Amino acid sequence: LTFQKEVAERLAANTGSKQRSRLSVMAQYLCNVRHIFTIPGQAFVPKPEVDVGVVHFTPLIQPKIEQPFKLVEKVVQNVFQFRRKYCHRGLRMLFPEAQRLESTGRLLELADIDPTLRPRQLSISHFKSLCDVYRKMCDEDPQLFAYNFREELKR
Amino acid sequence: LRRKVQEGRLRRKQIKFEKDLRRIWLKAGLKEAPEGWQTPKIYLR
Amino acid sequence: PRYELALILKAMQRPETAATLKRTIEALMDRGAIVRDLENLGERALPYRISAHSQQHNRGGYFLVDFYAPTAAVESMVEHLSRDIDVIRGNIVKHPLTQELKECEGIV
Amino acid sequence: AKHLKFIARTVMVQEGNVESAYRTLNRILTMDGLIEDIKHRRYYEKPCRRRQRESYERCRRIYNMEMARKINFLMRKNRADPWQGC
Amino acid sequence: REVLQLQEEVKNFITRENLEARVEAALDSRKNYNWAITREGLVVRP
Amino acid sequence: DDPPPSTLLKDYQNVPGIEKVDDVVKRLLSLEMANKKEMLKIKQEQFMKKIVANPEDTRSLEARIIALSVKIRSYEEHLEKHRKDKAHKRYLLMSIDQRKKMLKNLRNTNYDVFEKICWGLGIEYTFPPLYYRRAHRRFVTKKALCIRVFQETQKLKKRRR
RNA sequence: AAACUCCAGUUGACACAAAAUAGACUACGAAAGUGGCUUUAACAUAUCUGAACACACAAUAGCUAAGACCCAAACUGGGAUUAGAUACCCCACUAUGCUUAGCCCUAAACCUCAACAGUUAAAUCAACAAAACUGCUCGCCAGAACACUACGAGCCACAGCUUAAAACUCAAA
Ligand SMILES: NC(=O)c1ccc[n+]([C@@H]2O[C@H](COP(=O)([O-])OP(=O)(O)OC[C@H]3O[C@@H](n4cnc5c(N)ncnc54)[C@H](O)[C@@H]3O)[C@@H](O)[C@H]2O)c1
Ligand SMILES: [K+]
Ligand SMILES: [Mg+2]
Ligand SMILES: [Mg+2]
Ligand SMILES: [Mg+2]
Ligand SMILES: [Mg+2]
Ligand SMILES: [Mg+2]
Ligand SMILES: [Mg+2]
Ligand SMILES: [Mg+2]
Ligand SMILES: [Mg+2]
């Protein structure tokens, strides 16, 4: 598939890269993703002001996270919402305020994750651990997976 | 991958620093390092 | 230095106003001040409604206290004026007479 | 809010001429700068844009006054030709 | 000259001895700081 | 130490009959009822009387050093309370550098006055470093090790002889 | 259209937010910056020049700890829209904008004019910009690209900042 150059780079970005983001984790925990080559905008007949990358996806035999897609999506989005901060600042936003501080600590201890790790420095195994522990917490709390902190801030 | 390369380079820098420090006291005649001396790790936080 | 305290006091009867003025001047003296004069500008409607000490005021008595105090006194005095319940608003300024009236030759 | 009402921005009607009173109030608000303030406060103007606008307006006013002064000064010569023919 | 002016002026300062009398005298007095200016630069007192 | 608050202002200290006035006038004409700058003026006058040969000559290098030292003390007193005042930190640092330059000139020209100034103002003249280079971690550790290695070499040589 | 109807209008009480008009002024500060009121401290140097690294500062953005939260608002949701819609409009709400103690050290950080001293006589003067020059000092530059890059080194910075090349290639830029 063809994407914009930046989107293709983010899809195929390694840990620590300036383009490491939600799309990187989401695509790479399920597929082998390769950004093959880039086509400049001058090669398209109405010339755009952006470059175009070509990305190849090969589904993995063993997905790197054995969890439901929406759970991983929520975890990755909340991790990357504050991209330049410590990862725990994004992780605490997964829980209601009353148990925010305690639940974040429990999650980080059970997942064995250094709180000072930034989102761009998290590998797919860290996300696997966090997603497993969050799945356990959701199973032990039926209303947790549907929590939206913005709606709680509306009130 | 640049993290692995960079940390390997930092390790090699620390090794070079230790080697130079050792060279000095070996040339000075001391068989071992100065009594109680321990080379600090200055290239790692 | 020489200071001027502009005091807007609650609209009270004469005895209470006298007591408040005595208390304020005594606080000034206790903080090391030498009071030069006390001018009464009159009781008048405030330019706007002022809320102080959980009370709304539309009228007030305006007074001026000229005095000399050490520089350290001013801050302390301000705190005292914040606590006096009979003071709507107290402000200490450098006395305008100390400010020099520089002379000019006109429009260049 | 803490001020007395019916003193600021208040106009009395003369002989039931409500339109004239409204137009006088509009003039007062315009020359006091309140209309332009209200209209400019609807959206935030960035400080750099605000500074550029004020500089442009000031220099436009200065240039226009200088041009008007020049035209008025040179208007005196615009009369009938006293040496017609030669 | 400044010293002598201050020496004569201090005689009228408020002290702890004359506080009450001066307070009452001020209460029975009014001072006006208001005055207006004309286009010709002339002070018009109230 | 600061002048006592009862001391008179510099401009009202030689008026004839200033000692024959009321206590209230004395208070009004004392440092107690003034700002800090008059106290600094009194400090400068005291230092001039104690140090310089001609206290009236404010034009000499020693007088300038005294005035700048008083100003430096004022800036230090300000910065003790105002720790985040970067402008006054800059003023203090520039003033210290300028005083060092004046002290260097005084040392080069008049050594006796230089000694008298250094004693009177409690100034410890220091010679500038010869080289200006960063003392980074590697250099610091290496220099420490070299000093130590010299020490054990000295001990070993003493044992040998 | 969604949204709200614990909504809306008048009246009263009521900020850790931002400071109409003055300002058509052109001031203060080394620069960055600084425009609500009062008070206290307070704006170095009586030769000049003098640093990527020494010593102290540096808008906005960004990061640690704590706090405040009206309004604004990267992102994140929802409403409306062609025929692959509006990225753009509407609603809600984050980081952030604020305070305290620390980092980070970047700008079209620009008057795109290095600091001091002097001249207005010369042919004024490639052009444009902003009239043309002189003395003296420091800094910097010697074709383009590779390259605000690689390596080395330093840094509370960890795909960050400063310093900064070579090979191959071209007759230009
Ligand atoms: N390198 C020194 O420590 C030093 C000492 C005395 C005088 N100077 C003089 O400073 C000038 C610059 O010398 P450079 O080109 O070799 O230095 P540089 O610019 O090449 O930097 C190398 C080192 O010299 C220091 N340095 C740079 N400029 C300096 C200065 N003006 N004064 C003191 N140290 C400075 C730097 O901190 C750095 O550590 C020379 O005229 C030199 O005579 C330098
Ligand atoms: K500019
Ligand atoms: Mg200099
Ligand atoms: Mg140099
Ligand atoms: Mg900064
Ligand atoms: Mg910030
Ligand atoms: Mg917020
Ligand atoms: Mg220079
Ligand atoms: Mg080149
Ligand atoms: Mg670089």
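Naming: A, B, ... by sequence-line order, numbering from 1 per chain. Values below: every heavy atom of this structure, side chains too, minus hydrogens, waters and symmetry copies.
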For this session: For F:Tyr131, answer base if it contacts any base atom (sugar-phosphate contacts may also be present), sugar-phosphate if it contacts only those atoms, and nothing otherwise; contact means non-hydrogen atoms under 4.0 Å.
Result: nothing

For this session: Remember a base hit wins even if backbone is also touched, and classify C:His95 as base, sugar-phosphate or nothing at under 4.0 Å, heavy atoms.
Result: nothing

Problem set entry | A:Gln77 side-chain proximity, nearest of G:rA42, G:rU38, G:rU76 | G:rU76

Problem set entry | Side chains of C:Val65 and C:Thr24 in contact at under 4.5 Å (non-hydrogen atoms) | no

For this session: Round to a whole Å and report the spacing from CZ of D:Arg51 to P of G:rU26.
Result: 18 Å

Exercise. G:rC75 pairs with which nucleotide, Watson-Crick or G-U wobble, both distances below 3.5 Å?
Worked result: none

Exercise. Only one of A:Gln121, A:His126, A:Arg20 clears side-chain hydrogen bond (donor to acceptor under 3.5 Å, both in side chains) with A:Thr15; which?
Worked result: A:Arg20

Problem set entry | Same-atom distance (P) from G:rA27 to G:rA32, integer angstrom | 15 Å

For this session: Write down the distance separating the P atoms in G:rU100 and G:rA17, rounded off to the nearest Å.
Result: 10 Å

For this session: Evaluate G:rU169 against G:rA144 for Watson-Crick or G-U wobble pairing; both distances have to be shorter than 3.5 Å.
Result: yes

For this session: Just call it for A:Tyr86: base, sugar-phosphate, or nothing, with non-hydrogen atoms closer than 4.0 Å on any strand.
Result: sugar-phosphate

For this session: Produce a footprint string for nucleotides 152-166 of chain G: one letter per nucleotide, 5' end first; B if the base is under 4.0 Å from any protein heavy atom, S if only the sugar-phosphate is, - if neither.
Result: SSSSSSBBS------

For this session: Starting at atom CG of F:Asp2, determine the distance to atom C1' of G:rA41, rounded to an integer number of angstrom.
Result: 14 Å

For this session: Classify the ring geometry between A:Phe127 and A:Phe80 as parallel (under 30°), tilted (30 to 60°) or perpendicular (over 60°).
Result: parallel

Exercise. Where does the sugar of G:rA32 land, north (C3'-endo side) or south (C2'-endo side), based on the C1'-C2'-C3'-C4' torsion?
Worked result: north

For this session: Tell me which residues in residues 144-155 of chain A put a heavy atom below 4.0 Å from RNA chain G, sorted by number, or none.
Result: A:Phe149, A:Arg150, A:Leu153, A:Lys154, A:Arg155

Problem set entry | Salt-bridge present (A:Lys154, A:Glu151; N to O < 4.0 Å) | no

For this session: Could you run through nucleotides 45-50 of chain G and give me one letter per nucleotide, 5' to 3': B if any protein heavy atom sits under 4.0 Å from the base, S if only the sugar-phosphate is that close, - if neither?
Result: BBS--B

Exercise. What does C:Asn91 touch in the nucleic acid at a heavy-atom separation under 4.0 angstrom: a base, only the sugar-phosphate, or nothing?
Worked result: nothing

For this session: Can you figure out which of G:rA30, G:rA56, G:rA13 approaches the side chain of F:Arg90 most closely?
Result: G:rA30

Seminar exercise, completed: From CD1 of F:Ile66 across to P of G:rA44 the rounded distance in Å is 20 Å

Exercise. For the side chain of B:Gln14 and the backbone of B:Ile42, is there at least one donor-acceptor N/O pair under 3.5 Å apart?
Worked result: yes

For this session: Identify the nucleotide, in any strand shown, that forms a Watson-Crick or G-U wobble pair with G:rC63, with both distances under 3.5 Å; if there is none, say none.
Result: G:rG102

For this session: For nucleotides G:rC113 and G:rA95, find the distance between their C1' atoms and express it as a whole number of Å.
Result: 42 Å

Problem set entry | From G:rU96, G:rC25, G:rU40, nucleotide with atom closest to A:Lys85 side chain | G:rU96

Exercise. Strictly by modelled atom types, are F:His82 and F:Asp85 linked by a side-chain donor-acceptor pair under 3.5 Å?
Worked result: no

Exercise. Could you run down nucleotides 99-117 of chain G 5' to 3' and tag each one B, S or - for protein heavy-atom contact under 4.0 Å?
Worked result: --SS---------------

For this session: Verify the contact: side-chain N or O of C:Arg49 to OP1 or OP2 of G:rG12, cut-off strictly under 4.0 Å; return yes or no.
Result: yes

For this session: Any strand is fair game: report the nucleotide pairing with G:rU162 by Watson-Crick or G-U wobble, both distances under 3.5 Å, or none.
Result: G:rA153

Problem set entry | Residue pair C:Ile92, C:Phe67: steps toward the side chain to side chain contact (heavy atoms under 4.5 Å, CB included) verdict | CA-CA 10 Å; C:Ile92 297 156; C:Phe67 61 101; 4.2 Å; yes

Problem set entry | Side chain of F:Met94 (C-beta onward), nearest among G:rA44, G:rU39, G:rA41 | G:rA44

Problem set entry | Sidechain N-carboxylate O distance under 4.0 Å for D:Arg58, D:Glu54 | no

For this session: May I ask which nucleotide in the shown strands pairs with G:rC37, Watson-Crick or G-U wobble, both distances under 3.5 Å?
Result: none

Exercise. So, B:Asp20 and F:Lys142, do they make that salt bridge, N to O below 4.0 Å?
Worked result: yes

For this session: Salt-bridge test for D:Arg60 and D:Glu57: reply yes if a basic N is under 4.0 Å from a carboxylate O, no otherwise.
Result: no

Problem set entry | A:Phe82: ring pair (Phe, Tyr, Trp, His ring centres under 6.0 Å) partners, not counting sequence neighbours | none

Problem set entry | Under 3.5 Å on both distances, the Watson-Crick or G-U partner of G:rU11 | none

Exercise. Donor-acceptor pair, F:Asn108 side chain versus F:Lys104 backbone, under 3.5 Å?
Worked result: yes

Exercise. Which whole-number value in Å describes the distance from F:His88 NE2 to G:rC57 P?
Worked result: 14 Å

Exercise. Which whole-number value in Å describes the distance from F:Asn35 CG to G:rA42 P?
Worked result: 8 Å

Problem set entry | Minimum-distance nucleotide to F:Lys37 side chain [options: G:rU40, G:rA42, G:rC25] | G:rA42

Problem set entry | Flag, side chain of C:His53 to backbone of C:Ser82, donor-acceptor distance under 3.5 Å | yes

Seminar exercise, completed: Sequence neighbours excluded, the answer for ring pair (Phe, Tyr, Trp, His ring centres under 6.0 Å) partners of F:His136 is none

Exercise. Who is the Watson-Crick or G-U wobble partner of G:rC116, with both distances under 3.5 Å?
Worked result: G:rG135

For this session: Would you please confirm or rule out a distance under 4.0 Å between OP1 or OP2 of G:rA24 and any side-chain N or O of D:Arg61?
Result: no

For this session: Have a look at C:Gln56 and say if it touches a base, only the backbone sugar-phosphate, or nothing, with a 4.0 Å heavy-atom cut-off.
Result: sugar-phosphate

For this session: Pick the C1' atom in G:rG33 and in G:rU26, then give their distance to the nearest Å.
Result: 16 Å

Exercise. When the distance from CZ of A:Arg84 to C1' of G:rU94 is rounded to whole Å, what number comes out?
Worked result: 18 Å

For this session: Looking at every strand, decide which applies to C:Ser51 at a 4.0 Å heavy-atom threshold: base, sugar-phosphate, or nothing.
Result: sugar-phosphate

Exercise. Just checking, is any N or O donor in the side chain of C:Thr98 or C:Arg2 under 3.5 Å from an acceptor N or O on the other one?
Worked result: no

Exercise. Taking D:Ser55 for the side chain and D:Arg51 for the main chain, is one N or O donor matched with an acceptor at less than 3.5 Å?
Worked result: no

Exercise. Would you call B:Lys41-B:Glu18 a salt bridge at under 4.0 Å N-O?
Worked result: yes

Exercise. Hey, is the main chain of A:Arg92 close enough, under 3.5 Å, to the side chain of A:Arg100 for a donor-acceptor pair?
Worked result: yes

Problem set entry | Shortest side-chain distance from F:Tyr91, nucleotide among G:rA41, G:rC25, G:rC43 | G:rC43

Seminar exercise, completed: As its Watson-Crick or G-U partner within any shown strand, both distances under 3.5 Å, G:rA32 has none

Exercise. Over how many whole Å does the gap from F:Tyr132 atom OH to G:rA52 atom P extend?
Worked result: 15 Å

Exercise. Taking the P atom of each, how far is G:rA66 from G:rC156, in whole Å?
Worked result: 24 Å

For this session: Nearest whole angstrom, please: distance from the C1' of G:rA30 to the NZ of F:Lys89.
Result: 16 Å

